[PDB]
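**Student:** Here is the sequence, then the experimental structure:
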Amino acid sequence: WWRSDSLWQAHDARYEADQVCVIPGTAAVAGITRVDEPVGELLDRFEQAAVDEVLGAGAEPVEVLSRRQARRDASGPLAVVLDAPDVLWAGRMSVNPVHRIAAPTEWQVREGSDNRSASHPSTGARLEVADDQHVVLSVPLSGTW
Amino acid sequence: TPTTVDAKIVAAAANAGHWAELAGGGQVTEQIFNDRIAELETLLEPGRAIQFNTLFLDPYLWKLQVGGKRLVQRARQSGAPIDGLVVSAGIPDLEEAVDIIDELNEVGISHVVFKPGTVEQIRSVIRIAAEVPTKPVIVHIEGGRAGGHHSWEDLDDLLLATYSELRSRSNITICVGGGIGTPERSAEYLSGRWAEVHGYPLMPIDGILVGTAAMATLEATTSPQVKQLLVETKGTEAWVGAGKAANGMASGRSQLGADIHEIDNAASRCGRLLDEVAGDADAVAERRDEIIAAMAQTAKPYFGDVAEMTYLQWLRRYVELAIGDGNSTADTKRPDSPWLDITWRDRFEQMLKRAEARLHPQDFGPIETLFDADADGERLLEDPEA
Ligand SMILES: Cc1cc2nc3c(=O)[nH]c(=O)nc-3n(C[C@H](O)[C@H](O)[C@H](O)COP(=O)(O)O)c2cc1C
């Protein structure tokens, strides 16, 4: 009777909060000081200071950090097609057809590998991928003609 | 459970560009939980994706999960944004884990999440990893220094011993968690420098989870007074065995006997009394005066003397406890808040209808046929005093 459903009073309750079971951890509490600090701030605070510590010693103003403020990338259009397993259509998530296009294809062709802009990946399933209008990646599949 | 159950915070955390797990301990049905995902996907901006957390503890939830997993299956068969599943409090057996991994929603699962608490539990997941070597498995290694569900197992020694075998599987993503509020203290586990204190060569980690430090956050539904309470609590170094409130933190056992880390400074009355009552139950009748008054101190009120108490006092006590004046249950019903107590309002009705059932000498024609009408009865309900 005492311990049942004791976790909900910590949220949206006007009652004295010294009567309530509220759940922290022991050692993590020390790291808890700032109150009503947005989630985005705390999680970034972790990432941003982890970056600085990694940057300063080993990286020392790395090309990766400089490329970011200047907008340069890893995994360009050709890689992105072969990387992300999820293919979005509207608000729905689908599996990457290239996963089933790449290997199962009888004849698979990667056109102009080292050159990014002209890069093309085609298959005997009749599915071909190329880039158009910069960031837009164009996948072209065909049935018969 | 309390924190991430709100669709608002898990969305806001994801909209900040971060991975998060929607709590399942606050959702008792497929339908009620499907509302949350719908509220999530609405607050989810384009493309953004979240995961789900489930508990192994009791059979009813595991039977509910059969409907729950098929709900997750149906959702992702419909193409739902939720990209992961988290099994908690225990590690499913191989045949149980294979099912989860191989579900119709599998691609939408994209990885499976397990939380080993013991050396044996770790070795169990390794066997789940070798089961499907091509399926990503994120192994979150927690402590008992963590919050909520507890354990007697050290943070280091477990990972210290089992790390080598964990790295023989490429599909295993090692994630250390517990007792971490900051990037600075958690940086050494990432570099692998943390194992050097124990003499073991560098032992890097792939990821880090923060449970506790995110509770005082702005978008969290934690009450203003409760947040201030979590704050003023002083923290500690490596957990100590001696029974006490330790840095505003003392362990306590749930109804099933498993330990729970709760705040014993912010609230010192519930936890310590519970330990008193627990260790004291043979002679409870003798300490009854001491025990029954302490329930009233923590606001777990018994009723005034049961016989002598007037039916009003009965019916007025339920209204007192169930109906908040500040939140205005009538005004609480209009937004359609999930905090709605409606079973409590239905509880009070069955008591009211029992009161008419108890005192009426006649055929019960006039009274019962009135209060039972929808339009009539619901209007009578929103006005408890009347
Ligand atoms: C209020 C609260 C509720 C929690 N609920 C669950 C849960 O339902 N399932 C679970 O596996 N872990 C749960 N946890 C544990 C966290 O998922 C995480 O493992 C732990 O909090 C990390 O340790 P730390 O917060 O002390 O750093 C909960 C923790 C807290 C504080």
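**Tutor:** Yep, it's here. Numbers count the residues shown, from 1 in each chain, chains lettered A, B, ... in the order given.

**Student:** Taking chain B, what residue is nearest to the ligand?
**Tutor:** Of all residues in chain B, residue B:211 sits closest to the ligand, at 2.1 Å by Cβ to the nearest ligand atom. (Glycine included, C-beta is placed from N, CA and C.)

**Student:** ok, that residue - contacts?
**Tutor:** Applying Cβ atoms under 8 Å, 6 or more residues apart in numbering or on different chains, we find residue B:211 in contact with A:25, A:28, B:146, B:147, B:148, B:177, B:178.

**Student:** Distance from the top helix by length along chain A to the middle of the chain?
**Tutor:** As assigned by DSSP state H, the longest helix anywhere in chain A is helix A:39-54. Chain-centre distance of helix A:39-54: 16 Å, with Cα atoms, centre = their mean, to the nearest Å.

**Student:** Repeat that for stretch B:207-216.
**Tutor:** 14 Å.

**Student:** and the residue of chain B closest to the ligand, helix, strand or coil?
**Tutor:** Following DSSP: H, G, I helix; E, B strand; the rest coil, the label given to residue B:211 is coil.

**Student:** just the one 4 residues further on next, same as before
**Tutor:** The three-state label given to residue B:215 by three-state DSSP is coil.

**Student:** still on that earlier bit, show me what counts as buried in the longest helix of chain A.
**Tutor:** A:39, A:40, A:42, A:43, A:44, A:45, A:46, A:50, A:51, A:53, A:54 (16 or more other Cβ atoms under 10 Å in any protein chain shown).

**Student:** Kindly report the same for stretch A:91-105.
**Tutor:** Going by 16+ other Cβ under 10 Å, stretch A:91-105 has these buried residues: A:93, A:96, A:97, A:98, A:101, A:102, A:105.

**Student:** same thing with stretch B:211-229?
**Tutor:** In stretch B:211-229, counting by 16+ other Cβ under 10 Å, buried: B:211-223, B:225-229.

**Student:** element containing residue A:121?
**Tutor:** Using DSSP states H and E, the element containing residue A:121 is strand A:120-123.

**Student:** can you check residue B:173 too?
**Tutor:** Residue B:173 belongs to strand B:172-177, assigned by DSSP H and E.

**Student:** Tell me who's in contact with the spatially most central residue of chain A.
**Tutor:** Centroid check for chain A by Cα atoms, centre = their mean gives residue A:84 as the closest residue, at 9.2 Å. Residue A:84 makes contact with residue A:96, according to Cβ under 8 Å, 6+ apart.

**Student:** how near is it to residue A:94?
**Tutor:** Using Cβ to Cβ, to the nearest Å, residue A:84 is found at 11 Å from residue A:94.

**Student:** Enumerate the residues of the stretch 1-150 of chain B near chain A.
**Tutor:** Counting by Cβ under 8 Å from any Cβ of the partner chain, the stretch 1-150 of chain B comes close to chain A at B:1-3, B:6, B:9, B:12-13, B:15-16, B:18, B:25-26, B:41, B:46-47, B:49, B:76, B:78-81, B:83, B:107-108, B:110, B:145-148.

**Student:** filter these to the buried ones?
**Tutor:** Looks like these have B:1-3, B:6, B:9, B:12-13, B:16, B:18, B:25-26, B:41, B:49, B:76, B:80-81, B:83, B:107-108, B:110, B:145-148 buried, using 16+ other Cβ under 10 Å.

**Student:** Pull out whichever of the residues you listed are also neighbours of the ligand.
**Tutor:** Taking Cβ under 6 Å from any ligand atom, the overlap between those and the neighbourhood of the ligand is B:1, B:2, B:3, B:25, B:146, B:147, B:148.

**Student:** Surely the third one is in contact with residue B:222?
**Tutor:** Yes - because the distance of 7.0 Å satisfies Cβ atoms under 8 Å, residue B:3 is recorded as touching residue B:222.

**Student:** so what sits against both of the two?
**Tutor:** With Cβ under 8 Å, 6+ apart as the test, residue B:3 and residue B:222 both reach A:11, B:215.

**Student:** Relative to the ligand, which residue of chain A is the closest?
**Tutor:** For chain A, Cβ to the nearest ligand atom, closest residue to the ligand: residue A:25, 2.6 Å.

**Student:** just checking, that residue touches residue B:262?
**Tutor:** No - Residue A:25 is beyond contact range of residue B:262, at 10.3 Å (criterion: Cβ under 8 Å).
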